[PDB]
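Read through the structure below, which is laid out as structure tokens, and then see the notes.
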Amino acid sequence: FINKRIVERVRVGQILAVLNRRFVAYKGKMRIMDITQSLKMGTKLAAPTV
Amino acid sequence: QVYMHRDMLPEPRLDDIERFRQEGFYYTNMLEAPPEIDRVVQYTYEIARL
């Protein structure tokens with residue numbers, strides 16, 4: 001006994017009845033970059049912070 | 001006492017060429033008197049960076 005729907009007998013009228021998740025995607029023009037390597041002691045920012 | 005201000009070079013007219021030649025026309029950037037303190041804006045490094 002599993003209590004999870006691993007294999008289900010479904011009629012072909014509801015093949016695409018599993019489309020219930022919302023997805024987002026960035027467009028092709030955008031770039032994704034990491035800035036964790038910019039944490040160095042010599043850096044000073046223009047606007048001071050508390 | 002060094003200031004930055006927008007000024008234009010003089011363009012004197014030639015009423016009589018001999019009379020204009022008689023006087024020693026010349027131009028300077030020397031200031032006879034410093035500008036009024038209520039018409040000057042002070043910049044330091046911090047405000048420029050901000």
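Going through the structure tokens in order, the chains are called A, B, and so on, while each chain numbers its residues from 1 and the ligands are numbered from 1 in the order shown.
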
**OP:** For range 4-10 of chain B, list every protein, DNA or RNA residue within 10 Å, evaluated using only C-alpha atoms, and leave out those in the same chain fewer than 4 positions away; present the list as a ChimeraX atom specification.
**Re:** /B:26-29,40

Closest atom pairs, chain B residues within 10 Å of chain A, only C-alpha atoms, as a Markdown table:
| residue | atom | partner | partner_atom | distance |
| --- | --- | --- | --- | --- |
| B:45 | CA | A:46 | CA | 9.9 |
| B:46 | CA | A:46 | CA | 8.0 |
| B:47 | CA | A:47 | CA | 9.4 |
| B:48 | CA | A:46 | CA | 9.2 |
| B:49 | CA | A:46 | CA | 5.4 |
| B:50 | CA | A:47 | CA | 5.6 |

File dump, residues just selected, N, CA, C and O atoms, as a CSV table (one decimal), in the first residue's frame:
chain,number,residue,atom,x,y,z
B,45,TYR,N,34.0,66.0,-1.9
B,45,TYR,CA,34.0,64.7,-2.5
B,45,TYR,C,32.8,63.9,-2.1
B,45,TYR,O,32.3,63.1,-2.9
B,46,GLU,N,32.3,64.0,-0.8
B,46,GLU,CA,31.2,63.2,-0.3
B,46,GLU,C,29.9,63.5,-1.1
B,46,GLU,O,29.2,62.6,-1.5
B,47,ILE,N,29.6,64.8,-1.3
B,47,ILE,CA,28.4,65.2,-2.0
B,47,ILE,C,28.5,64.8,-3.4
B,47,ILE,O,27.5,64.4,-4.0
B,48,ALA,N,29.7,64.9,-4.0
B,48,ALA,CA,29.8,64.5,-5.4
B,48,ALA,C,29.6,63.0,-5.5
B,48,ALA,O,28.9,62.5,-6.5
B,49,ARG,N,30.1,62.2,-4.6
B,49,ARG,CA,29.9,60.7,-4.6
B,49,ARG,C,28.4,60.4,-4.4
B,49,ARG,O,27.9,59.5,-5.0
B,50,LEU,N,27.8,61.1,-3.5
B,50,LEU,CA,26.3,60.9,-3.3
B,50,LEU,C,25.5,61.2,-4.5
B,50,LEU,O,24.6,60.5,-4.8

**OP:** Quick one: pick out all helix (DSSP H, G or I) residues within chain A from a backbone DSSP run and write them as a VMD selection string.
**Re:** chain A and resid 12 to 14 36 to 38
